[PDB]
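# Notes for the structure review
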Amino acid sequence: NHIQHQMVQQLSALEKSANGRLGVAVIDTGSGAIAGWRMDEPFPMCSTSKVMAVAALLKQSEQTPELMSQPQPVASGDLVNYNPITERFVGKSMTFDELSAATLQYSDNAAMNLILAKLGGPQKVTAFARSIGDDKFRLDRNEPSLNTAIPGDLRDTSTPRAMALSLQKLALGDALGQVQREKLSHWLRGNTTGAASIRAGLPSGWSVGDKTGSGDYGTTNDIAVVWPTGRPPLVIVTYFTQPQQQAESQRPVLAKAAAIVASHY
Ligand SMILES: *C(=O)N1C[C@H](NOS(=O)(=O)O)CC[C@H]1C(N)=O
């Protein structure tokens, strides 16, 4: 942990003002420095777990490049709680490229389940996380139950530190092949659900890729790769969860956390 005293004070005050539990990690990839707040506690990942799932599928495509263009039938039975793209393909097919874009950029939960099926389930996403040196990530359930976000429950959690290091290896480093890393980074940059989260706290000119998540207990999450103008990229994880199951989401908390980390860099 390389966090400055001032940044700790600011993140602590933000957490208290928001009445929740905040977890933040920032990696400066130029120096390798890592900093943050509660960055080793488990937090429910919710939809941010989808990055690891798509990455696992992209790793498999390295040995079968046509895998991503293979049509996959979509059925009404695949639909769950939130299916913004897949609901339009019932009775038709989507490729794994389309399914990956849908789950990353629109957070389509049926698409996530179709990807989990191809990989062999949540347990195989966890095995892929281990294969990139992430010993904290655990995916236990599929959609939509992986979003229950119960305090004290270890299912479907990771830590801000582990998720930041994994997102660095996947989107910037060498955990994936070049074609696959660039596809993942492009999909993250094209996310449509992140305007009010990390992106809102960063300079408007910077290029950003991110994946949000939400769940019960007011869980409000975002993980980002940031390409600041003129200087090496940053990786930012902001996880936030609240005391009561019915709590409302607090996206401005993530924006402010991002602004706090962005200033100190
Ligand atoms: C992911 O956390 N989920 C799927 C979808 N995500 O959209 S979000 O990232 O903009 O929050 C809706 C919320 C959540 C879920 N409960 O399924």
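Residues numbered from 1 in each chain as written, not as in the entry; some residues may be left out. Heavy atoms only, no water. Residues with missing side-chain atoms left out of burial classes, pairs and counts.

This entry, as listed in the PDB, derives from X-ray crystallography and reports a resolution of 1.3180 Å.

### Structural notes on the overall build of the protein chain
Scanning the protein chain from N- to C-terminus turns up 8 helices and 9 strands. Here the C-alpha radius of gyration of the protein chain, 17 Å, is about what a compact globule of 265 residues would show, namely 18 Å. Along the longest, intermediate and shortest principal axes, the C-alpha atoms of the protein chain span 55 × 40 × 35 Å. For the protein chain, the share of sequence-separated contacts (at least 6 apart) that also reach a separation of at least 24 residues comes to 63%. (Helix = DSSP H or I, 4+ residues; strand = E, 2+ residues; numbered from the N terminus. Rg over C-alpha atoms; globule rule 2.2 N^0.38 Å. Contact = heavy atoms within 4.5 Å.)

### Overview of the site of the ligand
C46, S47, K50, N81, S107, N109, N147, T193, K211, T212, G213 and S214 make up every residue found near the ligand. In this structure, an oxygen atom belonging to the ligand sits 2.3 Å away from a side-chain N or O atom of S47. A distance of 3.2 Å separates an oxygen atom of the ligand from a polar atom in the side chain of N81. Relative to its free-state accessible area of 390 Å², the ligand is covered by the protein chains to the extent of 80%. Looking at the shell around the ligand residue by residue, the class counts come to 1 nonpolar, 9 polar and 2 charged. (Near = heavy atom within 4 Å. Polar contact = N/O pair within 3.5 Å; in protein donor to acceptor, adjacent residues only side chain to side chain. Areas by Shrake-Rupley, 256 points an atom, 1.4 Å probe, with all protein chains shown as cover. Nonpolar A, V, L, I, M, F, W, Y, C, P; charged D, E, K, R; others polar.)

### What about the nonpolar core?
Within the largest apolar cluster, 52 residues are counted, with the highest numbers of intra-cluster contacts made by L170 and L184. Those residues in contact with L184, other than ones at most four positions away along the chain, are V51, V54, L58, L104, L170, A171 and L176. Counting 26 residues, the second largest nonpolar core, distinct from the first, contains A18, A35, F240 and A258. (Core = buried A, V, L, I, M, F, W, Y, C linked by side-chain atoms within 4.5 Å. Buried < 20%, exposed > 50% of the residue type's maximum accessible area, 1.4 Å probe, protein only.)

### Looking at the environment of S185
Structurally, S185 can be placed in helix α7 (residues 178-189). Along the primary structure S185 and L167 are separated by 18 residues, whereas in three dimensions their C-alpha atoms are 9.9 Å apart. Reaching out from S185, the side chain makes a polar contact with the backbone oxygen of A171 at a distance of 2.9 Å.

### So, the sheet that holds strand β8 (residues 219-227)
The strand order across the open sheet built from 5 strands is β2-β1-β9-β8-β7, with neighbouring strands paired in antiparallel fashion. In this open sheet, the two edge strands, each paired with only one partner strand, are β2 (33-37) and β7 (207-215). On average, each strand axis in the sheet is tilted by 10 degrees relative to the strand beside it, whichever way the strands run. Pairing of strand β1 (residues 21-28) with β2 involves 5 bridges; the strand directions are antiparallel. (Pairing = 2+ DSSP bridges. Axes fitted to C-alpha atoms, helices over the stretch in contact; angles between N-to-C directions.)

### Thoughts on the side chain of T238
Mapped onto the elements, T238 comes out in strand β9 (residues 234-241). Residue classification places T238 among the buried residues on the basis of a relative accessible area of 0%.

### What about the packing of aromatic side chains?
Per the stated rule, a full pass over the model turns up 1 aromatic pair. Between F43 and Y239, the aromatic rings sit 6.0 Å apart at their centres with planes inclined by 45 degrees, giving tilted as the arrangement. Here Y239 lies in strand β9 and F43 lies in strand β3 (residues 43-44), a separation of 196 residues in the sequence. Its guanidinium or amino end placed over the ring of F43, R21 lies 3.8 Å from that ring's centre, counting from NZ or CZ. Lying across the ring of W227, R189 places its NZ or CZ 4.9 Å from the centre. (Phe/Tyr/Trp six-rings, centres within 6.5 Å; stacked < 30°, edge-to-face > 60°. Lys NZ or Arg CZ within 6 Å of the ring centre and 35° of its normal.)

### Section: α7
Given 3.6 residues per turn, any residue in an α-helix points the same way as the ones three and four places further on. Over its 12 residues, α7 runs 16 Å from end to end, which matches the ideal 16 Å to within 8%, given 1.5 Å per residue. Considered for burial, the residues of α7 that qualify are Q180, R181, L184, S185, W187 and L188. Down the axis, α7 shows its buried residues gathered within 160 degrees of arc, on one side only. More than 90 degrees from the buried face of α7, the exposed residues found are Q178 and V179. Close packing links the buried residues of α7 with α2 (50-61), α3 (96-105), α6 (160-171), β7 and β8. (Expected span 1.5 Å × (residues − 1). Arc of directions from axis to C-beta.)

### Section: the packing of α3 against α7
One way to put it is that α3 packs onto α7 with a least axis distance of 9 Å and a crossing angle of 40 degrees. By the angle class used here, α3 and α7 are oblique. The two elements α3 and α7 cross, and the hand of that crossing is right-handed. Along its contact with α3, which presents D97, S100, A101, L104 and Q105, the element α7 presents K183, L184, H186 and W187. Each residue belonging to the contact of α3 with α7 can be placed in one class, and the counts come to 4 nonpolar, 3 polar and 2 charged. (Parallel < 35°, antiparallel > 145°, perpendicular 65-115°, else oblique. Left-handed = near helix turned anticlockwise from the far one by under 90°.)

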